[PDB]
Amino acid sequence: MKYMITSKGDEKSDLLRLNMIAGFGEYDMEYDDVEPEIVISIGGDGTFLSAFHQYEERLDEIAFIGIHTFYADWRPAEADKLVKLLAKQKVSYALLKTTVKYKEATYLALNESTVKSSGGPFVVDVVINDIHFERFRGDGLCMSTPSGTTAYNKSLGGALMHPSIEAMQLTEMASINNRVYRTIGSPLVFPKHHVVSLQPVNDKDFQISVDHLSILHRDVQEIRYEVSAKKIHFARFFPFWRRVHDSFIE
């Protein structure tokens, strides 16, 4: 192997990183931060996203694994058998591309991307595959990956989607939905190659969040959403619906 480990950086988390590196030392396993084929996240789903956002350019040859103190398969007490089996089953999840135009900037998301007004009222035209769909006025829009559907998407009333489905899901944040600004209400699930284009009507300043990161963009001409060609790969040793059950039902 070539591998590496990220850690949340607290008390318990650093030790497992040291133990596992020491555990991998007994095997044909080489540590490297530059070209890992295996990335191990130790901490939480919040920790996993930083590991993902660190290796956006090597999503093509990396399988990720999470250790939890929805992306973490193992518990800390199972780390040692993880090292051995890992010394000895890849599944891919879809990702979301966000393009902002002003030189265009592009972002990749594992959970979602959201758009709000800079401070005034948020009003944009929603254009799907070059055809106008609605003129939205409200708090904002949230575009989610399938894996992201259990997060903010869920709070906005979106559908929970099995992460094997290649799609992106759009949810409204507080639409006014009156006869001037008539909107669909329902979440919309898009297949690959569909482009959702957000076009401003008056104000051009927007707070755009991509996973944890929120950035103010000035003088936006367009925000474009589509399912990415890139995918994230997990090393698997996965009952999505039971995890849903354990997290929400109880």
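Residue positions are given as counts along the sequence shown, with the first one as 1.
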- Length class of the unmodelled deposited segment, which would lie between residue 88 and residue 89: 1 to 3
- Task: Can you count, per the entry, how many deposited residues between residue 237 and residue 238 come without coordinates? Answer none, 1 to 3, 4 to 9, or 10 or more.
- Result: 1 to 3
- Would 93-101 or 148-156 have the larger average of its C-alpha temperature factors, as given in the entry? 93-101
- Given the B-factors recorded for C-alpha atoms, which segment has the greater mean, 44-52 or 177-185? 44-52
- Message: So if I compare the CA B-factors in the entry for 139, 78, 134, 166, which one is the largest?
- Response: 78
- Looking at 64, 70, 190, 31, which has the highest Cα B-factor in the entry? 31
- Note on the structure: residue 233: C-alpha B-factor third of its chain, per the entry, is the middle
- Query: Thinking about Cα B factors across the chain, which third does residue 123 belong to?
  - Reply: middle
- Check where residue 244 lands among this chain's C-alpha B-factors and tell me if it's the lowest, middle or highest third. lowest
